[PDB]
Amino acid sequence: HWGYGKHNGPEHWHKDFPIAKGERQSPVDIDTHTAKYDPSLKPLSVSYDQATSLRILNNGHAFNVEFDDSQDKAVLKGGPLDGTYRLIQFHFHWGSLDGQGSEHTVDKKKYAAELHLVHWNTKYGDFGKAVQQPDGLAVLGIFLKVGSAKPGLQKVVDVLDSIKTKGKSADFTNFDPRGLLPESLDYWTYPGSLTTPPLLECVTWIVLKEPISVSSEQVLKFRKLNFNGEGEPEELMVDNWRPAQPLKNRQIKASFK
Ligand SMILES: NS(=O)(=O)c1c(F)c(F)c(S(=O)(=O)CCc2ccccc2)c(NCc2ccccc2)c1F
Ligand SMILES: [Zn+2]
């Protein structure tokens, strides 16, 4: 029932998910001036050489690219993390226009979209148990701006016509997520939450400072997806982002400068 409209969007979520008004909600505005450089933070370690993609899925509010996480393949560690987090899936949030789309903002600046690479803490054994823990997930957020195409995203864009509507899926093997990363791994990090229902407060957010560039034609294809299922009135999948939430009693830390 929740979604992104006037009647079921982010401002309504608290009625079914009271944690929406909780103490460590995401996304947030990253105030670059008050983010403290933390010389104790490590370089982030992103090991995606063995990643195995399985499927791509329109789940009715984004598209997910899913990975086989049953072995220790694609892992995120280092950075602020005390453990080993395993890649499970990635997805995006984007706008109806280039001027909006991202969930995190940087000195109130909105990017055209934001990629989330979602990983779960291997000390909890699986994703479903990890989300019940305050250090259960690590989500790597990467901003998208519109400019030159990202060659490494084109395979994703090209398959979207095949999962236009909610609940459609498609085989999606041998996709290499290393092709979606920017050159620098400088990052901001803070404790936060899933940004859609159930809004669980289980996420260490690591947001890269350097955005990737995608082309206007690439992001236009994201906007041709549908929130509705096949045979229902067409509602374009756009603006599936939650606005910035109160920082409350949290410090955003920077890995750089
Ligand atoms: N935007 S996000 O990165 O914080 C996020 C959520 F907000 C979130 F609620 C979830 S969820 O699985 O608990 C609910 C549904 C969902 C699915 C895909 C994108 C956004 C929300 C995931 N988890 C992603 C996920 C999906 C399937 C299997 C494992 C992880 C998730 F990654
Ligand atoms: Zn997300």
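Swiss-Prot numbering applies to chain A: residues 4-260, in that order.
A Cβ is built for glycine as well, from the same backbone N, Cα and C atoms used for every other residue.
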Using only what Swiss-Prot says about Zn(2+) binding by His94, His96, identify which of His119, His122 is listed for that site too. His119
Which candidate, of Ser105, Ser172, Swiss-Prot gives the annotation phosphoserine: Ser172
Out of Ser43, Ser165, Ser218, report back the residue that Swiss-Prot marks as phosphoserine. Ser165
CA pair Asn62 (site 'Fine-tunes the proton-transfer properties of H-64') / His119 (Zn(2+) binding site), Å rounded to integer, equals 15
When you put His64 (active site, proton donor/acceptor) at the centre and draw a 10 Å sphere around its Cα, which of the recorded positions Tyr7, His96, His119, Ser172, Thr198 have their Cα inside it? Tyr7, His96
Which ones are near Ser172 (phosphoserine): of the recorded positions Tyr7, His94, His96, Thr198, which have a Cα within 10 Å? none
Given a separation of at least six residues and a C-beta threshold under 8 Å, show me what packs close to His94 (Zn(2+) binding site) in the same chain. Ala65, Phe66, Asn67, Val68, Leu118, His119, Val121
Output: those recorded positions from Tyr7, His119, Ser172, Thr198, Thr199 whose CB lies less than 6 Å from an atom of ligand 2, in sequence order; none if no residue fits. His119, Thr198
